[PDB]
12 protein chains.
Amino acid sequence: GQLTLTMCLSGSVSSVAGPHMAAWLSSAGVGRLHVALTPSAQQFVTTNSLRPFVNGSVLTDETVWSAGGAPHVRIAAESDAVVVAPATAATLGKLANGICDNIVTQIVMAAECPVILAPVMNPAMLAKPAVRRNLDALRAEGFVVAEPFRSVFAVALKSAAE
Amino acid sequence: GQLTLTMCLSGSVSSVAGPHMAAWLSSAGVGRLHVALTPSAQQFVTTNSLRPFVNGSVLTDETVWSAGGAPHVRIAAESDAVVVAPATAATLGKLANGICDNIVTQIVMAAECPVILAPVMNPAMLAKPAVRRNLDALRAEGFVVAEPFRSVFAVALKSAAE
Amino acid sequence: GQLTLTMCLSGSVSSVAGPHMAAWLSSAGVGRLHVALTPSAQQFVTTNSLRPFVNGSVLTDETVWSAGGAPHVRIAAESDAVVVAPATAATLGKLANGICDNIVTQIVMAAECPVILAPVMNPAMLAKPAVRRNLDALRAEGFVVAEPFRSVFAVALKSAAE
Amino acid sequence: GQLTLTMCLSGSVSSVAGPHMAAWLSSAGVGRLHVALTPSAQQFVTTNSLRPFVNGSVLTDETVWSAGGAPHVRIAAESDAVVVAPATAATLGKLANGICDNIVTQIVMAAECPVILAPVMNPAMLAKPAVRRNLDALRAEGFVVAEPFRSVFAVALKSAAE
Amino acid sequence: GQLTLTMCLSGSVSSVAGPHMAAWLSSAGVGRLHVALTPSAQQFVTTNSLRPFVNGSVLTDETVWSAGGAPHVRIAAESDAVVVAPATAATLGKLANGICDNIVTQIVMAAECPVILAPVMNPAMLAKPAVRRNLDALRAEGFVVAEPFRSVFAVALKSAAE
Amino acid sequence: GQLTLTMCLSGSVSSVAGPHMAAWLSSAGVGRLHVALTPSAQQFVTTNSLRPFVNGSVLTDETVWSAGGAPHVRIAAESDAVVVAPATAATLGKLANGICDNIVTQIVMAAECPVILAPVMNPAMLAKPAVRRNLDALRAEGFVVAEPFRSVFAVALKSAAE
Amino acid sequence: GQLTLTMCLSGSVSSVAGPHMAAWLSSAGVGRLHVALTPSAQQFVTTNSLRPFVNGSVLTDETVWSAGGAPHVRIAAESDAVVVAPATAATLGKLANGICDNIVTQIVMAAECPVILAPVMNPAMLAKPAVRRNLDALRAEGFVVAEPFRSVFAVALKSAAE
Amino acid sequence: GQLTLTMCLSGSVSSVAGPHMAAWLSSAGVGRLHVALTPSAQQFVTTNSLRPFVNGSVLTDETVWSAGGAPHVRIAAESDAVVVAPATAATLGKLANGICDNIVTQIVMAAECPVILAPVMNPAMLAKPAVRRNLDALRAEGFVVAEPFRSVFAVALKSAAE
Amino acid sequence: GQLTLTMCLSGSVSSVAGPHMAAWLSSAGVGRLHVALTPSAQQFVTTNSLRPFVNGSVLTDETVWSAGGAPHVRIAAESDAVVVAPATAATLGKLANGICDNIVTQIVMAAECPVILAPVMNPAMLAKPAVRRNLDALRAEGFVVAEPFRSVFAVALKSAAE
Amino acid sequence: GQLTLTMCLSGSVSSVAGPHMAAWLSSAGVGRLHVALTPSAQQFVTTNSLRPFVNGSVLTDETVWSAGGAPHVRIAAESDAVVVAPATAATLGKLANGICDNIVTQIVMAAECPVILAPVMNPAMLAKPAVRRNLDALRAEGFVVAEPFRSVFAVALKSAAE
Amino acid sequence: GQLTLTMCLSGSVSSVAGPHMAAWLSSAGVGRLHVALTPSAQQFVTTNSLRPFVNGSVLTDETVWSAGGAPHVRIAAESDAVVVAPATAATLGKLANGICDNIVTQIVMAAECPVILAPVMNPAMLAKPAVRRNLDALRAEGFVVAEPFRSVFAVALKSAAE
Amino acid sequence: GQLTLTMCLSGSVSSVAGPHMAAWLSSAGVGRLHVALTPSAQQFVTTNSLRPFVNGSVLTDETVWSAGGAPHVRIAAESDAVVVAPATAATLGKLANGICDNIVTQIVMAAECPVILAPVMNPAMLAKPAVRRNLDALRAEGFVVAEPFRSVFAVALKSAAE
Ligand SMILES: Cc1cc2nc3c(=O)[nH]c(=O)nc-3n(C[C@H](O)[C@H](O)[C@H](O)COP(=O)(O)O)c2cc1C
Ligand SMILES: Cc1cc2nc3c(=O)[nH]c(=O)nc-3n(C[C@H](O)[C@H](O)[C@H](O)COP(=O)(O)O)c2cc1C
Ligand SMILES: Cc1cc2nc3c(=O)[nH]c(=O)nc-3n(C[C@H](O)[C@H](O)[C@H](O)COP(=O)(O)O)c2cc1C
């Protein structure tokens, strides 16, 4: 009802569910919804597919660049929860190592609200030691790592209540 | 099992469900799946979001132009059913009046298999006389008009059996 | 005074009068004025020539695409009258057959307010049977067809009162 | 001898015969020959392949746009016959419904001379009800529909005599 | 009747009246009409909106560059009057100081016929000392400055008689 | 506190101080701050370097063109002082001669508030007669010429009080 | 029946007959047909006009570049005859002097099968000494020079039998 | 003989040896050879220099993007060994930290076969602590790190046997 | 007086004299003057530098391509003399071997009037055997080779008299 | 011998003599020669036509922009004379009014050496009052105005001696 | 005096101080100054704003790419100190993990001189565990981390003395 | 030791050995090394792969064009030997016939030092009469033709000694 939730989409084909998830959130209590995309995510989701379901901003690296300022960092501050779903190995690896080189990773690293991450990758990657350690680091950040999607957004909304 | 189905996507935001529908069809009996997009549909679905679920071709006007030939018309001939879902007012209006100016409308007008159409538009358009008459014309073509999505593909698969 | 009027411009050289008409409307009672252009209309009118006289939006297909959403359909809903003046043979033919492939035709087909159309073409086209039938269809839509420009906007403003 | 004939080419591969037909006409009595192409026709014929055989204009949508004015409509007025050969389903459908959205359809709808049309399409389209009705409409226009190419231009030249 | 008049358009929104003025002149005695545009004027008028009313040339900086030669200077020589209407502060300032950096200013400075100028600007500029002095300089050139549009073209046509 | 100040930046390397000056003004009483750039100034300052310190608009010629309207002239009207700092020889020369060919010069010539100018150039230019006369003209305009930067903005803020 | 024939097209307007010739060959015994174009030939023939009649490859310099490898040289090796028809003066001159700077000349110089060449040029070139000598050189290569088109392809098919 | 080997090339000038190495492998027992390039590697090797020696795919980020799907991940699965040679500091650092942001790093992190890495960098980097730790991490992945090129491919082929 | 002369310019820096030579010819008896440029010549001469002195056509490869037809070959036929001055080694080599791959070489090889050539190159090229033989071939063509510029055009004008 | 001379070229067709003049200067005593072009001058002279005769820099606005710094102002300081020949009305007007908006005008206004200007324009401009006054202003600058080209460079070289 | 210092600028708005800092260094003892920018830094600083104060090179990724070679690595070797100020979270994270994917990170990782880093970020990032660990890693590299700008360059100059 | 050698690379895949050969030469006595590429060679070698091994210039047609002047001809003059290795059929054919249309062929034809050529082509071309004659012509030029690569550069270095 009174919640501002920011949804982040990574370069996984699962992010085609973005518009469906945004509608699920919109067609429920969520007051403000924001969506941010990594560059790779834009090969699987278009911003025009998200805008009809998103009463906040739909942010890409190009959108934020041409607008100037740091509107994404304002949105991080204004969020009661930030969800990265799907979260690719690459995005998890960047967050785990503090390398915020796009708008999605900058939003997460600027956020002080609960952060829920939903890793998605082939299990030929999810058991690799380097990925295990990244999940360890992400969890030391205080982030919630939901291994292995409506269940994910339920946990985010609960955390956003407090 | 032994069926070749071609799915067509129109410039409605509902066509973001394309990849989910293609996976539903793929994760079932369908043997060959093809997908064709109108130019306007590409603002809502990317071809890269469809390709992982489509063991046939993913066709756009640009894809077919640069390849040369009429591969879409070969695919129409090889199809046991053609589904347009969603079908915009514009696409319904073009088919209803024999104006096949893109690959999607050319596939439908070349097809001799069952054709199932799923109109999607605001009801401020669906009760307009011109749209009613277009649906009359589409139905005189022998096309199945499913007013007002898994139910739609079920009817297509039944017709494709005979 | 309390009226929202949307003016649509077609690919006829007569649409160079757009800015003059918008000023006439603005320099009178009209409360909100919107203007939409077909792609062909943009070879005869620039958006920058309209903006100084238009306190609402000036919409083209490119403007609406990059903005995302359906702001033109919101504007159709918010309009007390929609005027297409000039209305080319091509635009009349598309409306008459329910083929809304640009923002102007989508606005008209989404509108539930009075719609006034001002055909403009060489009389070598206006007596062609196909054009006569299109005008028949447009008039069955409930649209007001003003054969053969201030008089046109007067009729629109009267209808918008009720 | 004293005749001005305008030849129109549609997006069918048969329009590669354009240059051969223009030479046949040129290498005979025809006094002025003009040629107009639809955008789709330009994937099958180049203007440079036509110009050596055409003592009038070779018109495309881009040619006419950059030149300004309506030189194609002047050419329609100056023609003693207009031939569309090949005429695609799409072009026939547009003419049949009064939607002149390119230079070829504008020339036909502006012409007051005899108009001869040569449909070309797969018979999976030519027996479709919507195409049958379009041919009915084209023939109510007074156009000569030559179902199912030198024979076509012979009929055009006879009509141009009166 | 026997007069050649060149009309120049500046980067003021008033130059949208260009096509209407050209038709007024054309729909009267004027024998040859030419039109030239500054680059800024092209954000308010298109050349395609002028060409149907202009039996001479419609000149822009790009048109003249790609054509080569100085066709605009030939047109200045062939003119019985040159009208700049509207004349922006910038164009007045350039003429007043002999800086002909575009085709419009080159036409005026090459002309030996009567030159009529119609300043248009917000009165926050027209009382500025620098603009007053520019008008002084323009008038020392022998130009007719019509402070503060059919009346303007009437004065030009009278001067062109002698 | 209650002041609207517009800062203009010219094509001098000194305009890299723009962001620092905007922060100095912002980190003080100034209520609304606007910034406008000449095209040459954009080789030394980016708009993204200014936006974080500017609670009004950051205007370039391209920004204003694509937005349509004259938002810069609205901003001139709404300003209690306009500062050009640095002011190049070229910009001083244009203002001095009433040639407002970009957004910065248009803002100054439209402004009725105090105008403070800070010339910056090599003294091989500042003693040239033509530049001396331009400063004479600028000062006859009522502009404050601060020969030969915080001191400049102090004078502007004092004048803006009345 | 069992023959692989490669047809090469040069920058002569006669190469518009390419699609007609390819259909003649296809609508006969020829088993594999390949077509290669010089860059200049592409101003007279499009690849999309050839592809429907060509069951092998349609090769241009750009096609081969982006594909990588030397697929044209594989096709030369696999050919039972190579026909250049029309063969321009420029292409004849390059072959005659061993300068294979495009895909067409590389195919001929790599071919070990019979090579049939059909010169086409104005007789103001065909009697020039330099062209006579080039034909001498081409014929010393073992190539068949058919001075001065179905007859040409008949000779090629006979040679391909042995 | 029966082995599928994938060779990866990084942005080191040493990757100009790629084509020579691919020929060495091809001119030996290797059955299927694939090559993948990082974006930086393409300033030192062209894909056209590799294709003649590579009977599998030559993959770049652009190649895979436009093709859609994950053909590189299929190739990782089908490989009996993956060699990165040369492996830059940047590529080693990305693999070491699970950041697969290009096709080369995605292939390695998806591979379940032996992975052999050949670091190449100035020793001013190879003794840096951060690089030492990356090599530690790479070796904990089970990768073979060949400090400090035919010897490297020999070790890969031995591992691929089992 | 009654002569049509075509001047050709090659990629030598000496062709900057083109405009001066065209004026010399124009400021004398020459009735029609045409100028053609090789692509390399356009790095040393612009067409806009020639047009003011040339009452015929100024032809480049791009000019002729976009115009369609063979206007250069018409100009060759209409010429009483063709001069190539300067003539580079490359252009001499192409003519000598019948390789007319640009508009300049096509004009010469189509011309039946006297042809005068003025070689210009470093003497490190003019004594090379291959260049000597090319001059032998050019002279067997009947061309006049003026080893080693007003004197050259005098010889051309004398030959053009007969 | 020991002199550094900078030659400036304006947008007059006379600047095609630039390369000839630079060679005349080079083929004499001049030690360092620099050349600068206005943007309009580049439609009549190419930089590649000047470079072979210029042992200093050949400067355009684009050259200086991409290089950064003010190399043209360094060259002004290092010059013993600066010649503008031809000097257009526009360039004279800019210098006369202190508006150095390109590299050529910046060089002149930065120069402390003798400056020689050679006006070139149609006498329909040279007797205009505004141009007369500009020449008055140029001469008050201390510049030498050579009304109405080797004679011009002789005067410059004499002044450069002192 | 005898020192070569390389200054690196990251994608923080603080890097607009780059030109001011370079002038401070230049207007002091520093003998050679170099500046390198990350791609993101170029949205806040232009190279043209730095060049006037930098007697060495101003390096970007594009500059180094087009020049070829590794001039940045030569500059790293020639430096007595390298300062990254501001250093973003992203750049710190890359250095901390040995991922030198741009010219700035390559310069630091190649440098054997003292390296001083000035982190700049919102404290919502500087207390994140992943950033703390990166600073730990940077400091294990021997780098000087100046938490939380003239003071920073003072420490760099002291270290460069030894 | 004291030798300047220029290496030329043709459009053969063998030119990928360019960087290895340049290093072999550099890692030996050669004092100055230059490298020039044909346009086709750039699909197989990048300039950035050569620059690290080349202490002279790496020249392409685009490099030389944008630089102006004839730096390649200066390099030809300064060379003690010029090697073309590999030399394609096309490049051999051009040299053999004096057609220097790119920088590589211009360097060879300008060179007065020993010239060593290493033909590389499929033997389906090397026994063609036209290629045999080209080798005859190349050898009459005094060039050394090394039929059928370190051995080639050894012969060049021996000749360069005298
Ligand atoms: C956000 C958005 C949603 C739209 N949804 C629909 C829709 O659901 N049904 C429809 O007929 N048109 C819809 N339109 C309008 C169509 O996109 C438009 O008519 C288009 O030209 C259809 O093109 P196509 O039928 O060739 O795909 C929508 C437009 C926008 C901007
Ligand atoms: C073919 C041609 C020749 C011209 N010749 C002159 C000339 O001789 N003198 C002049 O003042 N302007 C001449 N002009 C107009 C100038 O090019 C125009 O004023 C231009 O903007 C000058 O720019 P610049 O002074 O910055 O070089 C000519 C224009 C054209 C198209
Ligand atoms: C993959 C490939 C390899 C080639 N190898 C050769 C070759 O080894 N020798 C040759 O003469 N031509 C070869 N060619 C053809 C040449 O690239 C072609 O003739 C080109 O225009 C030569 O240009 P250049 O001599 O100006 O560099 C090859 C072409 C391709 C696509």
Side-chain angles (χ1 to χ4, degrees), chain E residues 6 38-39 60-80 82 84 87 89-115 117 130-131 133-145, chain J residues 9-16 37-46 61 84 86-106 108-109 117 119-141 143 145 147:
Chain E
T6 295
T38 74
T60 66
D61 282 84
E62 310 86 281
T63 282
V64 173
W65 168 82
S66 56
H72 60 301
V73 176
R74 197 191 313 107
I75 282 178
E78 301 172 357
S79 298
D80 306 311
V82 174
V84 185
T91 286
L92 297 167
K94 293 182 187 179
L95 299 171
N97 292 279
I99 305 167
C100 45
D101 68 351
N102 55 30
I103 259 62
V104 163
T105 50
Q106 286 166 49
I107 281 163
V108 172
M109 287 191 64
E112 290 185 300
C113 57
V115 173
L117 310 172
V131 175
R133 290 196 309 274
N134 287 338
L135 305 181
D136 294 345
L138 288 167
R139 193 171 280 156
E141 293 292 318
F143 300 162
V144 176
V145 179
Chain J
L9 300 186
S10 208
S12 160
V13 75
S14 296
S15 56
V16 297
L37 291 63
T38 74
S40 295
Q42 297 180 250
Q43 80 188 302
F44 303 118
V45 217
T46 73
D61 282 84
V84 185
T88 59
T91 286
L92 297 167
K94 293 182 187 179
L95 299 171
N97 292 279
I99 305 167
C100 45
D101 68 351
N102 55 30
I103 259 62
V104 163
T105 50
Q106 286 165 49
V108 172
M109 287 191 64
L117 310 172
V120 177
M121 60 196 74
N122 50 320
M125 276 208 291
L126 195 63
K128 285 252 177 316
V131 175
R132 299 194 272 94
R133 290 196 309 274
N134 287 338
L135 305 181
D136 294 345
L138 288 167
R139 193 171 280 156
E141 293 292 318
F143 300 162
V145 179
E147 304 189 42

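Every chain is numbered from 1, with letters handed out A, B, ... down the list of sequences. Below, all heavy atoms of this structure are taken into account, side chains as well, without hydrogens, waters or symmetry copies.
Taking every heavy atom of both residues into account, E/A111 and J/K128 meet most closely at O-NZ, 3.4 Å. A pairwise comparison of heavy atoms in J/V131 and E/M109 identifies CG2-CE, 3.5 Å as the closest pair. Shown here for E/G98 and J/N134, the closest heavy-atom pair between the two residues is CA-ND2, 4.0 Å. When every heavy atom of J/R133 is checked against every heavy atom of E/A137, the shortest pair comes out as NH2-CB, 3.5 Å. Of all heavy-atom pairs spanning E/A140 and J/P129, the tightest one is O-CG, 3.8 Å. Pairing each heavy atom of E/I99 with each of J/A90, the nearest pair is CG2-O, 4.1 Å.
The closest donor-acceptor contact from the side chain of E/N97 to the backbone of J/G93 lies at 3.5 Å or more, if one exists at all. Side-chain N or O atoms of E/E112 include none that pairs as donor or acceptor with a backbone N or O of J/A124 at under 3.5 Å.
Within the 4.5 angstrom heavy-atom criterion, no atom of E/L138 approaches chain J. For chain E, no part of J/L92 is nearby; none of its heavy atoms comes within less than 4.5 Å. Neither the backbone nor the side chain of E/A77 comes within less than 4.5 Å of any heavy atom of chain J. In this structure, the portion of E/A96 lying under 4.5 Å from any heavy atom of chain J is its backbone and not its side chain.
Taken to the nearest 0.5 Å, the CG atom of J/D101 stands 8.0 Å off from the CG atom of E/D101.
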